[PDB]
Amino acid sequence: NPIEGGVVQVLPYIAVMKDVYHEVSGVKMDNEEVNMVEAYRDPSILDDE
Amino acid sequence: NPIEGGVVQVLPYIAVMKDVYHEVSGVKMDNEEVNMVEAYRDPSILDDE
Amino acid sequence: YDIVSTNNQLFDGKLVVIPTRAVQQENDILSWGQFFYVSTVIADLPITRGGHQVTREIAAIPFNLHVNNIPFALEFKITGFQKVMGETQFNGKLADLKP
Amino acid sequence: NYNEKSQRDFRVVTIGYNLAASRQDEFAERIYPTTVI
Amino acid sequence: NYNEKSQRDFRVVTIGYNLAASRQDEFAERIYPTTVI
Amino acid sequence: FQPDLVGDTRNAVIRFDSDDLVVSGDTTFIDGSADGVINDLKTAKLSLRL
Amino acid sequence: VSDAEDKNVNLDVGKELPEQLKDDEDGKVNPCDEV
Amino acid sequence: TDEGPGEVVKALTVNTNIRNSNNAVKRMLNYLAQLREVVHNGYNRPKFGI
């Protein structure tokens with residue numbers, strides 16, 4: 001529609017997060033975050049020991 | 001409502017602009033713009049010769 | 001025989017041939033391996049991890065084992081698909097013989 | 001204004017996202033059939 | 001997202017803006033009563 | 001561009017924020033040269049994420 | 001500690017998508033209509 | 001939140017189910033690797049414990 005003037009694409013997903021704490025002096029958080037979809041090709045992202 | 005968590009205040013108005021051309025080396029558009037509501041206290045903003 | 005495929009990153013460029021029983025039963029030793037599965041439980045408790053904050057942690061705790069029965073297997077490492085389907089394989093040779 | 005062009009409100013489309021998995025994949029099931037313990 | 005506290009949707013209030021004037025405001029109408037020519 | 005939600009409704013704002021900006025030994029400068037940092041990146045087999 | 005229904009699991013994250021993201025920001029005004 | 005987790009708990013079971021498939025592959029490949037060793041060496045007859 002001429003009033004809408006474009007589209008916005010909203011992408012929900014489930015993120016696999018590494019369980020880490022915030023670093024006192026950290027520049028950015030080191031929590032690896034990946035799409036669950038990645039696990040279908042590379043499911044090793046889900047394993048932990 | 002908790003889903004809103006705040007408000008937005010929209011203030012439409014009609015502005016009185018001067019007829020001003022754009023400069024080739026200007027840092028801003030030098031067009032004195034005033035809300036017409038100001039004319040009630042000081043109508044001289046509307047004077048044009 | 002039958003063909004079963006995966007896209008696991010680990011199982012990349014591998015063909016393995018293994019026997020199985022034509023008709024599968026229950027805990028049949030003649031299946032190449034067993035997957036022994038115990039029901040997975042979802043645990044929900046507001047654990048105060050760290051001693052200073054409370055979070056509701058919902059955990060899925062698996063309990064299972066994969067067991068192999070039959071030692072028979074054939075393993076084939078199959079590579080070079082792009083070399084035989086890409087580069088010329090017969091007339092290339094005749095050029096190579098050119099003195 | 002002289003021109004609005006309507007640059008605030010756009011059409012929004014939601015991308016589907018539907019994860020699925022069986023107890024184990026058909027690949028795993030054919031090789032390691034499931035037995036409940 | 002651990003805490004989905006609202007950030008984008010708000011209660012939007014659009015206020016009025018009604019400007020009005022007579023051909024001459026009363027202060028000036030009483031001093032200079034209008035005569036149509 | 002994104003709309004500016006606070007202020008004049010006609011303000012449009014851009015917020016470009018990229019942590020994957022790439023420099024490697026393969027790229028060149030605007031003048032066409034590939035020397036200094038780029039040459040050392042190519043020799044050391046390195047790449048940068050700016 | 002309930003048992004999971006793992007046999008066949010089908011997720012739908014779109015149903016859980018917050019209502020905020022189902023539409024755009026609603027502050028939009030046509031100043032010419034309001035004045 | 002008193003609404004409960006909703007339908008995202010299933011994501012925990014999907015994660016678990018995917019890991020189950022990966023465990024089958026990991027165990028299969030490890031079994032074949034040590035199978036190679038057993039058959040490569042002098043174990044061409046049935047025996048317990050090999």
# chains A, B, ... in the order shown; residues from 1 in each chain; ligands from 1
>>> select_by_dssp(residues="stretch 8-48 of chain F", states="alpha helix (DSSP H)", output="PyMOL selection string")
chain F and resi 37-44
>>> closest_atom_pairs(of="chain E", to="chain H", cutoff="12 Å", atoms="only C-alpha atoms", output="tab-separated table")
residue	atom	partner	partner_atom	distance
E:2	CA	H:1	CA	10.8
E:3	CA	H:1	CA	9.5
E:4	CA	H:1	CA	10.1
E:5	CA	H:1	CA	11.0
>>> write_last_selection(atoms="C-alpha atoms", output="PDB file, in the first residue's frame")
ATOM      1  CA  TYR E   2      14.876 -12.996  30.048  1.00  0.00           C
ATOM      2  CA  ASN E   3      12.706  -9.922  30.699  1.00  0.00           C
ATOM      3  CA  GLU E   4      10.187  -8.944  28.005  1.00  0.00           C
ATOM      4  CA  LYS E   5       9.473  -5.563  29.566  1.00  0.00           C
TER       5      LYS E   5
END
>>> closest_residue(among="C:80, C:62, C:71, C:92", to="residue C:37", atoms="only C-alpha atoms")
C:62
>>> closest_atom_pairs(of="chain D", to="chain A", cutoff="9 Å", atoms="only C-alpha atoms", output="CSV")
residue,atom,partner,partner_atom,distance
D:5,CA,A:5,CA,7.5
D:6,CA,A:3,CA,5.7
D:7,CA,A:5,CA,6.7
D:8,CA,A:4,CA,8.3
D:9,CA,A:4,CA,5.9
D:10,CA,A:4,CA,4.4
D:11,CA,A:7,CA,4.6
D:12,CA,A:8,CA,4.7
D:13,CA,A:9,CA,5.3
D:14,CA,A:10,CA,5.0
D:15,CA,A:11,CA,5.2
D:16,CA,A:12,CA,7.5
D:17,CA,A:13,CA,6.4
D:18,CA,A:13,CA,8.8
D:19,CA,A:37,CA,7.7
>>> write_last_selection(atoms="C-alpha atoms", output="PDB file, in the first residue's frame")
ATOM      1  CA  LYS D   5       5.882   9.805   2.204  1.00  0.00           C
ATOM      2  CA  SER D   6       4.605   7.821   5.222  1.00  0.00           C
ATOM      3  CA  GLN D   7       7.938   6.581   6.551  1.00  0.00           C
ATOM      4  CA  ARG D   8       6.794   5.608  10.050  1.00  0.00           C
ATOM      5  CA  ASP D   9       4.272   2.774   9.654  1.00  0.00           C
ATOM      6  CA  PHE D  10       5.230  -0.178   7.463  1.00  0.00           C
ATOM      7  CA  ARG D  11       3.712  -3.564   6.745  1.00  0.00           C
ATOM      8  CA  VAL D  12       4.952  -6.138   9.263  1.00  0.00           C
ATOM      9  CA  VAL D  13       5.317  -9.807   8.325  1.00  0.00           C
ATOM     10  CA  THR D  14       6.158 -12.472  10.906  1.00  0.00           C
ATOM     11  CA  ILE D  15       8.604 -15.136   9.766  1.00  0.00           C
ATOM     12  CA  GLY D  16       7.539 -18.586  10.859  1.00  0.00           C
ATOM     13  CA  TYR D  17       9.781 -20.540  13.209  1.00  0.00           C
ATOM     14  CA  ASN D  18       8.723 -24.109  13.992  1.00  0.00           C
ATOM     15  CA  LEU D  19      11.361 -26.412  15.460  1.00  0.00           C
TER      16      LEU D  19
END
>>> select_by_dssp(residues="chain G", states="strand (DSSP E or B)", output="ChimeraX atom specification")
/G:2-3,8-10
>>> atom_distance(atom1="atom CA of residue C:24", atom2="atom CA of residue D:33")
8.2 Å
>>> closest_atom_pairs(of="chain H", to="chain C", cutoff="7 Å", atoms="only C-alpha atoms", output="JSON lines")
{"residue": "H:12", "atom": "CA", "partner": "C:60", "partner_atom": "CA", "distance": 6.0}
{"residue": "H:13", "atom": "CA", "partner": "C:60", "partner_atom": "CA", "distance": 6.5}
{"residue": "H:16", "atom": "CA", "partner": "C:62", "partner_atom": "CA", "distance": 6.9}
{"residue": "H:24", "atom": "CA", "partner": "C:66", "partner_atom": "CA", "distance": 6.4}
{"residue": "H:35", "atom": "CA", "partner": "C:71", "partner_atom": "CA", "distance": 7.0}
>>> interface_residues(of="chain H", to="chain G", cutoff="12 Å", atoms="only C-alpha atoms", output="list in words")
residues 3, 4, 5, 6, 7, 8, 9, 10, 11, 12, 13, 14, 15, 16, 17, 18 and 20 of chain H
>>> write_last_selection(atoms="N, CA, C and O atoms", output="short mmCIF file (atom, residue, chain, number, x, y, z; two decimals), in the first residue's frame")
data_model
loop_
_atom_site.label_atom_id
_atom_site.label_comp_id
_atom_site.auth_asym_id
_atom_site.auth_seq_id
_atom_site.Cartn_x
_atom_site.Cartn_y
_atom_site.Cartn_z
N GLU H 3 2.29 -16.36 34.06
CA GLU H 3 1.70 -17.00 32.90
C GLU H 3 2.29 -18.38 32.67
O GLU H 3 1.72 -19.18 31.92
N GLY H 4 3.42 -18.68 33.30
CA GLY H 4 4.14 -19.89 33.03
C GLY H 4 5.05 -19.73 31.84
O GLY H 4 5.04 -18.70 31.16
N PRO H 5 5.87 -20.74 31.57
CA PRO H 5 6.79 -20.63 30.42
C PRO H 5 6.08 -20.62 29.09
O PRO H 5 6.64 -20.15 28.09
N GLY H 6 4.85 -21.12 29.04
CA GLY H 6 4.15 -21.23 27.77
C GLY H 6 4.64 -22.42 26.98
O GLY H 6 4.86 -23.50 27.54
N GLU H 7 4.79 -22.24 25.67
CA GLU H 7 5.10 -23.32 24.75
C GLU H 7 6.59 -23.41 24.44
O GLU H 7 6.97 -24.08 23.47
N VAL H 8 7.43 -22.75 25.22
CA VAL H 8 8.85 -22.77 24.93
C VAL H 8 9.56 -23.90 25.68
O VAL H 8 10.71 -24.22 25.38
N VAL H 9 8.90 -24.55 26.64
CA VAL H 9 9.51 -25.71 27.29
C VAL H 9 9.80 -26.79 26.26
O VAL H 9 10.78 -27.55 26.38
N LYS H 10 8.95 -26.89 25.24
CA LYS H 10 9.18 -27.86 24.18
C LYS H 10 10.57 -27.69 23.58
O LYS H 10 11.20 -28.66 23.15
N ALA H 11 11.08 -26.45 23.56
CA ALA H 11 12.41 -26.22 23.02
C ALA H 11 13.47 -26.99 23.80
O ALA H 11 14.48 -27.40 23.24
N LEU H 12 13.25 -27.18 25.10
CA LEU H 12 14.19 -27.99 25.88
C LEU H 12 14.15 -29.45 25.43
O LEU H 12 15.19 -30.12 25.34
N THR H 13 12.95 -29.95 25.12
CA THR H 13 12.86 -31.34 24.67
C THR H 13 13.40 -31.50 23.26
O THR H 13 14.01 -32.52 22.93
N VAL H 14 13.17 -30.50 22.40
CA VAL H 14 13.75 -30.56 21.05
C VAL H 14 15.27 -30.55 21.11
O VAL H 14 15.94 -31.31 20.40
N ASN H 15 15.84 -29.68 21.95
CA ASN H 15 17.27 -29.70 22.17
C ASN H 15 17.73 -31.09 22.60
O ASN H 15 18.69 -31.64 22.05
N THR H 16 17.04 -31.67 23.58
CA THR H 16 17.40 -33.02 24.03
C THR H 16 17.29 -34.03 22.89
O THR H 16 18.18 -34.86 22.70
N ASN H 17 16.20 -33.98 22.12
CA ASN H 17 16.02 -34.93 21.03
C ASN H 17 17.12 -34.81 19.98
O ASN H 17 17.57 -35.83 19.43
N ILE H 18 17.54 -33.59 19.67
CA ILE H 18 18.62 -33.43 18.70
C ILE H 18 19.90 -34.02 19.26
O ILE H 18 20.64 -34.72 18.55
N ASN H 20 20.15 -36.48 21.23
CA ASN H 20 20.03 -37.94 21.10
C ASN H 20 20.49 -38.41 19.73
O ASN H 20 21.20 -39.41 19.61
#
>>> atom_distance(atom1="atom CA of residue G:26", atom2="atom CA of residue F:5")
10.1 Å
